[PDB]
Amino acid sequence: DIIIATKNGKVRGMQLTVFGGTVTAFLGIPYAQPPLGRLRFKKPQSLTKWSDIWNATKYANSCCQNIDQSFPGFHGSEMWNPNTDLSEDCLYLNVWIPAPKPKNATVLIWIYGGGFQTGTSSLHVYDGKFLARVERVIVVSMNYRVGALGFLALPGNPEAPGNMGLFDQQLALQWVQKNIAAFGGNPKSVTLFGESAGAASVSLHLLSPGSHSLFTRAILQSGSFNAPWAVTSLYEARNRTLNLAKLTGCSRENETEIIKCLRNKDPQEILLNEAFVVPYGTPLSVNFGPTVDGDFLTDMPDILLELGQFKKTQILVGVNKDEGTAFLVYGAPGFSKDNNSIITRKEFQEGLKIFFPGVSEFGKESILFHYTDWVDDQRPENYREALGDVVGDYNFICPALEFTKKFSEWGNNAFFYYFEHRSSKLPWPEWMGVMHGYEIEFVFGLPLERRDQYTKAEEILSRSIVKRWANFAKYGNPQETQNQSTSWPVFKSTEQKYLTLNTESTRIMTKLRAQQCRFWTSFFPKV
Ligand SMILES: O=C(Nc1cccc2ccccc12)c1ccc(CN2CCC[C@H](C(=O)NCCCNc3c4c(nc5ccccc35)CCCC4)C2)cc1
Ligand SMILES: *[C@@H]1O[C@H](CO[C@@H]2O[C@@H](C)[C@@H](O)[C@@H](O)[C@@H]2O)[C@@H](O[C@@H]2O[C@H](CO)[C@@H](O)[C@H](O)[C@H]2NC(C)=O)[C@H](O)[C@H]1NC(C)=O
Ligand SMILES: *[C@@H]1O[C@H](CO[C@@H]2O[C@@H](C)[C@@H](O)[C@@H](O)[C@@H]2O)[C@@H](O[C@@H]2O[C@H](CO)[C@@H](O)[C@H](O)[C@H]2NC(C)=O)[C@H](O)[C@H]1NC(C)=O
Ligand SMILES: *[C@@H]1O[C@H](CO)[C@@H](O)[C@H](O)[C@H]1NC(C)=O
Ligand SMILES: *[C@@H]1O[C@H](CO)[C@@H](O)[C@H](O)[C@H]1NC(C)=O
Ligand SMILES: *[C@@H]1O[C@H](CO)[C@@H](O)[C@H](O)[C@H]1NC(C)=O
Ligand SMILES: *[C@@H]1O[C@H](CO)[C@@H](O)[C@H](O)[C@H]1NC(C)=O
Ligand SMILES: [Cl-]
Ligand SMILES: [Cl-]
Ligand SMILES: [Cl-]
Ligand SMILES: [Cl-]
Ligand SMILES: [Cl-]
Ligand SMILES: [Cl-]
Ligand SMILES: [Cl-]
């Protein structure tokens with residue numbers, strides 16, 4: 001019976017047998033007043049203390065969200081769907097601490113992705129028990145509100161100021177500061193890490209002054225705020241809020257009366273109508289996301305990045321080899337996970353209309369021009385591979401490289417990786433490569449469990465990544481110093497060295513996607 005006294009009351013954990021040892025898990029600790037009734041759409045409110053023993057022995061409710069139904073019964077998609085009850089009452093977090101209880105352990109705080117519309121910390125691939133067992137760190141993950149319930153925005157209006165899901169995350173970072181020393185954790189050594197919209201979230205905490213004292217260091221997997229999907233404009237946010245109001249029958253003149261109207265709507269009604277607020281949307285559109293609210297985020301983040309207005313500290317940043325392919329089977333013509341998706345030029349052109357809906361003819365032609373200079377004109381997968389690279393370079397690789405250059409230009413150490421190992425257990429087909437989100441299981445050390453079906457080489461790769469991440473969190477340096485590993489060089493804006501992660505040979509390379517990213521970063525933002 002492991003009981004910890006937090007500042008709001010006593011919580012009860014559970015013991016876990018991991019790798020012939022023990023981890024203590026505290027699953028489902030509340031960290032805010034449930035955002036229900038009059039509290040829906042508002043910022044998270046402080047939690048009033050309890051007097052008993054809160055039983056933190058099972059994952060709590062996931063936040064309300066729409067579910068992927070494109071591949072029913074297929075584990076490749078359904079692994080990302082929530083695995084606890086959906087409920088508005090979902091502001092909970094989890095803590096894994098090593099056994100025996102540590103003295104001043106470094107803390108890793110996970111922020112999941114899901115495009116700010118989906119996700120939950122209870123996913124199997126976010127289980128922080130191996131990190132706690134193997135590296136003696138504490139792992140924390142929290143649920144945060146997503147979609148309109150988390151990011152609906154009437155800027156300046158506190159009834160729906162926007163960015164609520166980010167303030168959920170922040171209130172959880174605060175909880176760690178006030179409480180993690182009781183679990184044996186060092187509040188002075190906190191590393192945020194997340195993937196996709198979670199990585200973008202982490203990058204926004206580097207920008208937000210209200211978060212600057214709540215963490216030490218940052219790790220960004222496949223995401224950053226300067227990605228084109230990561231920030232909703234004040235124009236779009238308002239056009240989307242009124243679109244939702246109209247769809248729900250909540251159109252009013254008093255903008256506050258609109259919110260009160262949306263507060264008598266059942267969560268399901270808000271969920272069904274959320275999808276159509278964006279008229280010409282992309283596959284997996286970020287309908288409701290971070291905005292410049294004037295509170296969490298005081299200016300357009302690109303300007304903050306460009307002008308060095310962010311927390312000075314070390315960053316670890318990286319991307320996967322085929323970030324774009326997962327999105328091609330959610331709308332692109334001729335694509336399918338059950339065949340090899342050989343598409344024609346015309347299919348490629350339609351795909352661009354699908355993924356760049358509001359872009360001019362000339363803009364689309366410019367993308368075609370930059371990506372159809374084939375070495376061989378007869379390789380039938382030419383267009384198929386070009387569409388995936390287009391989506392991956394524009395939405396992930398180039399934004400992440402530009403973040404790392406810009407951030408590093410202000411004097412802090414930065415480390416960039418390129419993950420290029422396709423999991424042997426990967427249920428998606430081979431042509432989709434090293435997909436978006438499929439480094440996460442290696443970061444969390446699932447291949448360390450031999451009872452699974454990972455290869456030995458995959459166990460060694462995960463063990464090395466796990467050590468590098470942990471050495472980065474504890475020491476600001478993502479080396480593996482003991483087993484003759486390749487030294488991870490600092491990423492500098494001139495040389496732009498990065499490290500490749502694979503089962504075979506770990507390599508130092510320079511200037512990832514240089515020719516592609518000059519297009520996306522220096523020409524395409526003009527069109
Ligand atoms: O992620 C969203 N948007 C985007 C984010 C970032 C860059 C993007 C670039 C281009 C287009 C969209 C982008 C997004 C926008 C809306 C929604 C709400 N709805 C949920 C119900 C219907 C519908 C839907 O089926 N959503 C699938 C969600 C599962 N997802 C998966 C996850 C990952 N990898 C995957 C790989 C294989 C398959 C799936 C994956 C990486 C880690 C995060 C989760 C969208 C959700 C997600
Ligand atoms: C801003 O919003 C208007 C209105 O959105 C429409 O109504 C909502 C309830 C929802 O169902 C949306 O999907 C609708 O589009 C947009 O006006 C529409 O614009 C499209 C093309 O841009 C046009 O085909 C529709 O007929 C228009 N419908 C109406 C009612 O005006 C508008 O485009 C949105 N965006 C911008 C940039 O203005
Ligand atoms: C790959 O498959 C896509 C998707 O088609 C669906 O899934 C298949 C696995 C099979 O079960 C089909 O019956 C399904 O319709 C194919 O895209 C279709 O292509 C046909 C003819 O080219 C066209 O009439 C449909 O509109 C397309 N449907 C889409 C895009 O959703 C594609 O042709 C297949 N390609 C290869 C090389 O096998
Ligand atoms: C919490 O767990 C303990 C352990 O079995 C149990 O005795 C107690 O009744 C539980 N309390 C609640 C409120 O569920
Ligand atoms: C934990 O480490 C900090 C410095 O990082 C130190 O100031 C603090 O006293 C330590 N607390 C312990 C060892 O309990
Ligand atoms: C209507 O708007 C005013 C501000 O113009 C606001 O003070 C008032 O509270 C709103 N009405 C209701 C019922 O909230
Ligand atoms: C390094 O090698 C030792 C034995 O040679 C092994 O026990 C350990 O897990 C390895 N660690 C990493 C981080 O690769
Ligand atoms: Cl599960
Ligand atoms: Cl969608
Ligand atoms: Cl051709
Ligand atoms: Cl070098
Ligand atoms: Cl070079
Ligand atoms: Cl260069
Ligand atoms: Cl160019």
Side-chain angles (χ1 to χ4, degrees), residues 32-46 63-66 86-91 115-118 144-171 197 201 204 208 210 225 228-282 284-303 357-358:
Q33 203 61 9
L36 295 154
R38 199 146 255 282
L39 294 185
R40 174 197 281 174
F41 296 126
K42 295 183 126 233
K43 286 168 71 180
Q45 308 289 132
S46 86
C63 297
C64 299
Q65 52 186 280
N66 286 316
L86 308 189
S87 166
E88 282 193 278
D89 177 1
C90 62
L91 298 191
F116 301 108
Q117 327 291 131
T118 61
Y144 64 88
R145 282 175 283 160
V146 295
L149 288 177
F151 291 88
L152 187 122
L154 289 174
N157 188 338
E159 287 327 332
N163 283 346
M164 299 87 76
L166 288 167
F167 280 116
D168 295 355
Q169 296 169 16
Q170 192 182 77
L171 197 57
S201 296
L204 284 181
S208 187
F225 58 87
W229 50 265
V231 177
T232 310
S233 86
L234 286 205
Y235 181 72
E236 298 167 307
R238 193 145 173 300
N239 218 61
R240 276 142 196 219
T241 291
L242 316 169
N243 276 46
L244 189 70
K246 183 143 92 223
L247 276 152
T248 54
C250 275
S251 296
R252 304 286 191 286
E253 178 137 59
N254 207 316
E255 288 191 350
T256 294
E257 275 159 21
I258 281 166
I259 296 327
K260 78 81 200 152
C261 179
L262 292 166
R263 280 203 179 97
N264 302 335
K265 274 317 175 309
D266 315 59
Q268 202 32 243
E269 242 199 286
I270 277 143
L271 285 177
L272 303 313
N273 292 294
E274 266 192 48
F276 332 116
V277 297
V278 173
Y280 283 15
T282 97
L284 308 203
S285 247
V286 182
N287 299 310
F288 287 101
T291 54
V292 190
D293 63 347
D295 191 355
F296 192 88
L297 194 64
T298 67
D299 200 339
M300 307 193 188
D302 40 302
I303 307 183

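Position 1 is the first residue of the sequence, and the numbers go up from there. We use all heavy atoms of the structure for the numbers below, so side chains are in, but hydrogens, waters and symmetry mates are not.
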Min side-chain heavy-atom separation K43-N163 under 4.5 Å: no
Gap separating the CG atom of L171 from the CE atom of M164, nearest 0.5 angstrom: 14.5 Å
Donor-acceptor contact present, side-chain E269 to main-chain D266, <3.5 Å: no
Nearest non-hydrogen partners of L271 and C64, listed with the distance: CD1-CB, 4.2 Å
Beyond-backbone contact of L297 with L204, side-chain heavy atoms, under 4.5 angstrom: yes
Distance (rounded to the nearest 0.5 Å) between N273 CG and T248 OG1: 6.5 Å
Minimum-distance pair of heavy atoms, taken over all atoms of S201 and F116: OG-CE2, 3.2 Å
Sulfur-sulfur distance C261/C250 under 2.5 Å: yes
Contact list for residues 148-171, test salt bridge (charged side-chain N to carboxylate O under 4.0 Å, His left out), sequence neighbours left out: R145-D168, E159-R263
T256 versus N157, closest heavy-atom pair with distance: OG1-ND2, 3.3 Å
Any donor-acceptor pair under 3.5 Å from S87 side chain to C90 backbone: no
Minimum side-chain heavy-atom gap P161-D295 below 4.5 Å: no
Side chain to side chain contact (heavy atoms under 4.5 Å, CB included) between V231 and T291, intermediate numbers included: CA-CA 6 Å; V231 177; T291 54; 5.7 Å; no
Side chain to side chain contact (heavy atoms under 4.5 Å, CB included) between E88 and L39, intermediate numbers included: CA-CA 10 Å; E88 282 193 278; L39 294 185; over 6 Å; no
Any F41 side-chain heavy atom under 4.5 Å of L262 side chain: yes
Heavy-atom side-chain proximity of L242 to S251 below 4.5 angstrom: no
Check: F225 and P290 side chains under 4.5 Å, non-hydrogen atoms: no
CG on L36 to NZ on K42, rounded to 0.5 Å: 13.5 Å
Shortest non-hydrogen contact from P155 toward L234: CG-CD2, 4.1 Å
Partner set under side-chain contact (heavy atoms from CB on, under 4.5 Å) for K260, not counting sequence neighbours: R252, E257
Gap separating the CG atom of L152 from the CG atom of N287, nearest 0.5 angstrom: 11.5 Å
Shortest non-hydrogen contact from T232 toward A237: CG2-N, 3.6 Å
Aromatic plane relationship, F167 with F296 - under 30° parallel, 30 to 60° tilted, over 60° perpendicular: perpendicular
Rounded distance (nearest 0.5 Å) linking atom CD of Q170 with atom OG of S208: 5.5 Å
Within-4.5 Å side-chain heavy-atom neighbours: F276 and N243: no
OG1-CH2 distance between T282 and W229, expressed to the nearest 0.5 angstrom: 11.5 Å
Nearest atoms (heavy-atom pairs only) where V286 meets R240: O-NH1, 3.0 Å
Side chains of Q117 and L149 in contact at under 4.5 Å (non-hydrogen atoms): no
